[PDB]
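Engineer: So that we are looking at the same thing, I have put the structure below in structure tokens.
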Amino acid sequence: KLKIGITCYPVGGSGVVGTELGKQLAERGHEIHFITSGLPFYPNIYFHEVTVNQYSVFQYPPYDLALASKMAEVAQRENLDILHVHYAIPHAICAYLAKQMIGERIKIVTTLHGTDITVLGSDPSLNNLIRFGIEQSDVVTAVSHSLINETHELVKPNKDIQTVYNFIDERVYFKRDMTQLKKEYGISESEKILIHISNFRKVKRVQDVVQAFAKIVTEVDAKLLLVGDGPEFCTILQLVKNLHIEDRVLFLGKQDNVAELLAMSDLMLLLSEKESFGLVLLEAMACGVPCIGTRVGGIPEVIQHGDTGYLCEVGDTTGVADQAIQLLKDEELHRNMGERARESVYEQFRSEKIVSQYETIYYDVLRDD
Amino acid sequence: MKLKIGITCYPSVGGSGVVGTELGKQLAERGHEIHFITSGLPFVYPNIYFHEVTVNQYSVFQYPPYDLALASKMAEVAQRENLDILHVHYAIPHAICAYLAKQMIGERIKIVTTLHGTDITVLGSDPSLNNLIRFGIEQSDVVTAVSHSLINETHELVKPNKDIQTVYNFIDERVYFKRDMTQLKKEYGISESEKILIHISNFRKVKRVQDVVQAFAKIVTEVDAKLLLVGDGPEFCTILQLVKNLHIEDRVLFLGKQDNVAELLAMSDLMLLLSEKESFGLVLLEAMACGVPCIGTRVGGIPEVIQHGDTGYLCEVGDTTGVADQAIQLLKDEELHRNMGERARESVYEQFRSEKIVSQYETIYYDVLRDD
Ligand SMILES: O=c1ccn([C@@H]2O[C@H](COP(=O)(O)OP(=O)(O)O)[C@@H](O)[C@H]2O)c(=O)[nH]1
């Protein structure tokens with residue numbers, strides 16, 4: 001009964017997630033309208049270009065005003081009930097305009113993915129905008145509690161936001177037969193490998209990940225995978241170059257296929273100082289990989305110290321070292337944890353369970369009048 | 001009863017740019033508090049201050065969120081300072097940003113949109129942005145346009161529910177005056193004694209620069225002229241070619257981008273503007289301000305500035321011959337020219353006088369802070 005309009009990015013952290021939601025809302029019956037800037041991914045979905053080719057005195061390609069317009073068009077001709085948007089900064093203020101232009105004939109559901117706050121909401125040049133985007137939405141949701149917390153103190157909106165966690169594509173992440181092409185990486189020695197797929201910035205504290213591999217490899221014949229190329233590349237490329245080994249810590253480069261070399265992995269590391277939700281942590285667990293993450297932001301909402309993984313202080317290389325060498329020694333516990341970690345995913349991060357929350361929201365917002 | 005105003009405009013290179021910046025200065029010079037909230041620093045005084053909208057600190061952003069940044073700063077600046085008026089100039093990124101910023105600050109502020117040509121005549125026809133412009137306009141307290149011509153078009157394309165007022169552009173009178181350029185006239189090898197035709201203006205295809213040189217080929221057969229082309233862009237190359245095929249390479253000077261338009265005008269005899277669509281274009285008013293008589297095509301709001309009778313000459317678009325004849329006619333009769341030029345300078349200090357037009361925006365500002 002519900003005509004729904006999803007809007008997300010063709011960030012890979014904001015889109016794909018809002019996509020799978022639309023992908024699977026069409027399967028429950030709903031009419032789904034993808035209003036978006038890119039062409040990236042069904043009998044119940046239609047796309048909308050959102051052309052940006054309008055530039056003369058084009059210093060600034062008017063993408064926002066063009067976006068807020070396509071929303072107004074698609075919602076006035078196809079007559080939408082809801083306008084769901086992801087990532088607050090670009091497409092929430094955009095959504096407010098369309099509603100305003102089409103005469104309050106629509107309800108809005110904003111969904112705060114982490115990055116739109118912990119990175120942007122730090123400079124006040126734009127802070128009062130996020131606030132107004134949020135406050136003005138009909139319903140607001142966040143993919144974490146640590147994210148709901150940051151918002152209420154960084155931005156301090158007069159609105160109140162509920163939690164809906166991010167599901168992963170449980171159809172792309174699973175235990176894989178990853179020993180055959182695994183050998184082509186020179187890595188079939190019964191090595192016991194460790195992976196790290198961060199973003200690449202200095203906030204992700206990779207200087208530790210390498211620093212810890214050094215301290216742990218002295219007691220385990222282990223190999224490292226540094227997935228993700230960015231600003232810190234040069235610095236880390238040295239940290240191994242001079243610190244003892246590059247024979248066992250090859251930077252795999254930024255790969256589009258992380259999932260495959262995840263199943264291959266035996267334990268991932270994430271020692272960032274600041275993260276709202278870890279999408280790759282699920283992506284790790286979802287295919288049976290135990291992991292060590294730092295007690296930081298929204299990490300203890302994905303990791304339960306215990307059977308799923310471990311939580312260690314932000315910045316403790318010698319301390320992180322332990323929990324790795326300890327686990328790589330034992331065989332049973334390592335396999336035990338690798339399965340319960342896989343399980344906790346499909347227990348509280350179920351693709352159908354999360355979509356279920358969204359749908360109940362969609363209906364509950366439309367309901368009073 | 002003085003006033004705190006918030007003026008916004010583009011860096012430079014268009015009508016909107018200089019027209020805001022000047023009205024900022026003029027108003028400051030009258031005791032009003034003039035906060036500039038812009039993309040950067042437009043072309044140091046004692047009375048306004050500037051609020052650059054830093055577009056920096058952004059990652060994994062599809063594009064530099066200027067629009068949203070402008071709105072954020074606009075609304076922030078209107079509070080810290082408590083502006084009584086937000087005066088937005090070229091409409092397209094600004095009138096939405098302003099409206100947006102008004103809504104952010106409890107609607108304490110009053111908003112004024114000032115439609116200059118381009119945002120209506122081309123963006124208005126764009127189905128992606130049309131709907132928005134309409135909303136941008138309607139949602140503003142007072143909307144003014146640079147000519148009556150621009151108002152009609154705004155009603156034909158954008159079709160807003162708002163009445164829009166008329167307030168022409170203006171010009172710092174102190175900047176343009178007959179001057180003599182004996183030194184610069186030599187560096188360009190224009191030492192043959194007289195007859196410099198000027199066309200300072202845009203490069204876009206709508207500017208009909210084609211016709212500007214075509215007519216100049218038909219002109220140059222007879223008076224020993226030199227065309228001074230100023231500004232570069234899309235058609236720039238295309239035009240650079242056309243002159244070649246005409247053998248007039250050694251008479252046409254492609255000055256391209258220029259900052260001191262005052263100097264170049266002060267050595268010019270006859271300005272041409274042959275736009276197929278134009279909405280005013282000061283370049284006419286800037287010329288007339290120093291004596292230089294203009295020949296423009298009869299479109300848009302050109303008839304509002306050039307009085308066909310005495311201050312210049314209007315001829316239908318594409319009539320390259322038509323311009324040329326009127327051009328040679330005028331340049332030949334040395335008595336008629338000096339009288340025409342002197343009358344053009346009159347019309348400017350009378351109809352488009354700076355103290356006047358400024359006083360109009362000022363008296364607009366006041367009449368929208370009463371009854372609220
Ligand atoms: O090379 C140039 C091009 C333009 N301008 C200035 O830009 C303004 C308007 O030019 P444009 O055609 O770009 O805008 P429009 O006249 O259409 O409003 C004039 O006042 C000029 O003083 C200039 O100084 N040098």
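Engineer: Using a Förster distance of 30 angstrom, determine the FRET efficiency expected from the C-beta separation of A:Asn257 and A:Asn53, and round it to 0.05.
Structural biologist: The computed FRET efficiency comes out at 0.40.
Engineer: Continuing with this model, one more query. Enumerate the amide H contacts of A:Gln304 below 5 Å, restricted to partners 5 or more residues apart or on another chain; note that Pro and chain-start residues carry no placed amide H.
Structural biologist: Distant-sequence amide H within range of A:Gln304: A:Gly309.
Engineer: A further question on this structure: Using amide H atoms built 1.01 Å from N in the peptide plane, name the residues 5+ places from B:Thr166, or on other chains, whose amide H lies under 5 Å from its own.
Structural biologist: B:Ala145
Engineer: Taking the dipole about the Cα centre of chain B, with the C-beta of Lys and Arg at +1 and of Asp and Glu at -1, give me whichever of B:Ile306, B:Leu229, B:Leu27 is farthest to the positive side.
Structural biologist: So the residue furthest toward the plus end is B:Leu27.
Engineer: Using the Cα centre of segment A:168-349 as the reference point, and only Cβ charges (+1 on K/R, -1 on D/E), how large is the resulting charge dipole? Debye, rounded to the nearest 20.
Structural biologist: 400
Engineer: Dipole of chain A, Cα-centred, from +1 at each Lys and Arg C-beta and -1 at each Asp and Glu C-beta, to the nearest 20 debye?
Structural biologist: The dipole of chain A has a size of about 520 debye.
Engineer: Something else now. Quick one: what are the phi-derived ³J(HN,Hα) couplings along segment A:157-172, Karplus 6.51/-1.76/1.60 with θ = phi - 60°, whole Hz, x for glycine and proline?
Structural biologist: Karplus values, whole Hz, x for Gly and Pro: x, 5, 8, 10, 10, 9, 8, 9, 7, 7, 7, 9, 6, 4, 9, 10.
Engineer: Assign one of three labels to segment B:171-352, namely rounded, prolate or oblate, based on the Cα gyration tensor with a ≥ b ≥ c the square roots of its eigenvalues; rounded applies when a/c is under 1.5, prolate when it is not and a/b is larger than b/c, and oblate otherwise.
Structural biologist: Rounded shape, in that the Cα axes give a/c under 1.5.
Engineer: Still on this structure, please answer the following. What are the ³J(HN,Hα) values, in whole Hz, obtained from phi via the Karplus relation 6.51 cos²θ - 1.76 cosθ + 1.60 with θ = phi - 60°, for each residue of segment A:74-90 in sequence order, with x given for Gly and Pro?
Structural biologist: 5, 8, 9, 9, 9, 6, 3, 8, 10, 10, 8, 10, 10, 6, 5, 5, x
Engineer: Under the classification rounded if a/c is under 1.5, otherwise prolate if a/b is larger than b/c and oblate if not, where does segment A:250-360 fall, given a ≥ b ≥ c as square roots of the Cα gyration tensor eigenvalues?
Structural biologist: Details: a/c = 1.42, a/b = 1.40, b/c = 1.01.
Rounded, because the longest to shortest axis ratio a/c is under 1.5.
Engineer: I want to check the label-to-label distance for A:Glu332 and A:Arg171. Put each point 7 Å from Cα in the C-beta direction and report it in nm to one decimal.
Structural biologist: About 3.9 nm separates the two model spin labels.
Engineer: Simple spin-label model, 7 Å along Cα-to-Cβ: B:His247 to B:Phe43 in nm?
Structural biologist: Result: 3.8 nm between the two label points.
Engineer: On to the next question. For segment A:128-250, what value does the Rg/Rh ratio take when both radii are computed over Cα atoms and Rh is the Kirkwood radius, given to two decimals?
Structural biologist: On the way: Rg = 20.6 Å, Rh = 18.2 Å.
Ratio of gyration radius to Kirkwood radius: 1.13.
Engineer: By the gyration tensor of its Cα atoms, with a ≥ b ≥ c the square roots of the eigenvalues, what is the shape of segment A:114-156: rounded for a/c under 1.5, prolate for a/b over b/c, or oblate?
Structural biologist: Judged from the Cα gyration tensor, segment A:114-156 comes out oblate (a/c at least 1.5, b/c at or above a/b).
Engineer: Given A:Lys156/A:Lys204; B:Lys110/B:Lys205; A:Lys107/A:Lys353, which pairs have Cα atoms separated by over 28 Å?
Structural biologist: Among A:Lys156/A:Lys204; B:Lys110/B:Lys205; A:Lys107/A:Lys353, the Cα-Cα distance tops 28 Å for B:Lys110/B:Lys205.
Engineer: So what J values fall out for segment B:356-365 if you push phi through Karplus, 6.51 cos²θ - 1.76 cosθ + 1.60 with θ = phi - 60°, rounded to Hz, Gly and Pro as x?
Structural biologist: In residue order, the calculated couplings are 5, 3, 4, 4, 6, 5, 4, 5, 6, 4 Hz.
Engineer: Something else now. Are any of the pairs A:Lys182/A:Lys241; B:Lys218/B:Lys244; A:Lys215/A:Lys241 more than 18 Å apart by Cα-Cα distance, and if so, which?
Structural biologist: Where the Cα-Cα span goes over 18 Å, the pairs concerned are A:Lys182/A:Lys241.
Engineer: Could you give the nm distance between label points at B:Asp180 and B:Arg80, where each point is 7 Å from its Cα heading toward the beta carbon?
Structural biologist: Distance between the two pseudo-spin positions: 5.1 nm.
Engineer: Of A:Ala324, A:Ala263, A:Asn242, whose Cα points farthest to the positive end of the dipole of segment A:231-325 (charges on the beta-carbon: +1 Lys, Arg; -1 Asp, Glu; origin at the Cα centre)?
Structural biologist: The one lying farthest along the dipole's positive direction is A:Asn242.
Engineer: Once you list every other residue whose beta carbon is under 12 Å from the beta carbon of A:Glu232, what net charge do they have if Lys and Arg are +1 and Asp and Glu are -1?
Structural biologist: Numbers: positive: A:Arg201, A:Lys202, A:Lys204, A:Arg205; negative: A:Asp208, A:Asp229.
Within the 12 Å Cβ shell, the charges total +2.
Engineer: Give me, ordered by chain and number, the residues 5 or more places off A:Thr141 or on other chains with an amide H under 5 Å from its own placed amide H.
Structural biologist: Excluding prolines and chain starts, which carry no amide H, the hits are A:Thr110, A:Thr111, A:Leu112.
Engineer: Arranged by the count of other C-beta atoms within 10 angstrom, fewest first, what order do A:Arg105, A:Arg340 take?
Structural biologist: Listing A:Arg105, A:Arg340 from fewest to most nearby Cβ atoms yields A:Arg105, A:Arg340.
Engineer: Also, I was wondering about something else. When each pair of different Cα atoms in chain B is counted once in the 1/r mean, what is the Kirkwood radius in angstroms, to one decimal?
Structural biologist: After inverting the pairwise mean of 1/r, the radius is 21.7 Å.
Engineer: Starting from 0.36 nm per residue, how many nanometres of slack lie between A:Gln207 and A:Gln348 once their C-alpha separation is accounted for?
Structural biologist: Using 0.36 nm per residue and subtracting the Cα-Cα distance, I get 47.5 nm.
Engineer: Suppose the Debye formula is applied to equal point scatterers at every Cα of the protein assembly as shown; what is log10 I(q)/I(0) at q = 0.06, 0.08, 0.12 Å⁻¹?
Structural biologist: -0.50, -0.78, -1.21
Engineer: Quick one: B:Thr311, A:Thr163, fewest Cβ neighbours within 10 Å first, how do they rank?
Structural biologist: Ranking B:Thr311, A:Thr163 by Cβ neighbours within 10 Å, fewest first, gives A:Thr163, B:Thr311.
Engineer: Using R₀ = 60 Å, calculate the FRET efficiency as 1/(1 + (r/R₀)^6) where r is the Cβ-Cβ separation of A:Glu339 and B:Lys356; round to 0.05.
Structural biologist: Step by step, r from the Cβ atoms, then E = 0.15.
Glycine gets a Cβ as well: all are built from the backbone with ideal geometry, and neighbour counts include every protein chain shown. Every number here is computed from the coordinates shown, using simple stated rules; none is lab data.
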